[PDB]
Amino acid sequence: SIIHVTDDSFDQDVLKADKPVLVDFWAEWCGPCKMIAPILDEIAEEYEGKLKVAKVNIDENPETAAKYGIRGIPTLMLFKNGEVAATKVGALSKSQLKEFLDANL
């Protein structure tokens, strides 16, 4: 399950979620973001009982990019309880992403 989230919906969709949310900050000009997209598609399904996946295009959503200090991408941020539990900057492999989630969920 993946949702596309905007500045206007971030509070509802991410901060008020009933499950942890992995936020993928991306943009069109980001090659590594495209390389990790299919991995996130798989992770979203495999972790559906544990996690919600959200995508935020940073060019279209400057408020959220500014608020969370998103400077380079890819950046992934795992939210729990309305707060950032962990941040990863730069691409990682599927196995690396699972390590990150398993430790930080």
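Going by the working numbering, the first residue of the sequence shown is number 52, and it counts up by one from there. Cβ atoms here follow ideal geometry from the backbone N, Cα and C, with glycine treated the same way.
Quiz item: Rounded to a whole number of angstroms, what is the C-alpha to C-alpha distance between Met-128 and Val-65?
Solution: 11 Å
Quiz prompt | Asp-58 to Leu-91 span [Cα, whole Å] | solution = 21 Å
Practice problem: Just tell me which of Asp-62, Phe-76, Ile-94 has its CA closest to the CA of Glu-111. | Solution: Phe-76
Quiz item: Is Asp-58 helix, strand or coil when you go by DSSP?
Solution: coil
Practice problem: Would you mind stating whether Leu-156 and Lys-103 have Cβ atoms separated by less than 8 Å? | Solution: no
Self-check item: Segment limits, beta strand (DSSP E) that includes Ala-68
Solution: Counting along the chain, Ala-68 falls outside any beta strand (DSSP E), and DSSP gives it neither H nor E.
Exercise. Please classify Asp-75: does DSSP put it in a helix, a strand, or coil?
Key: strand
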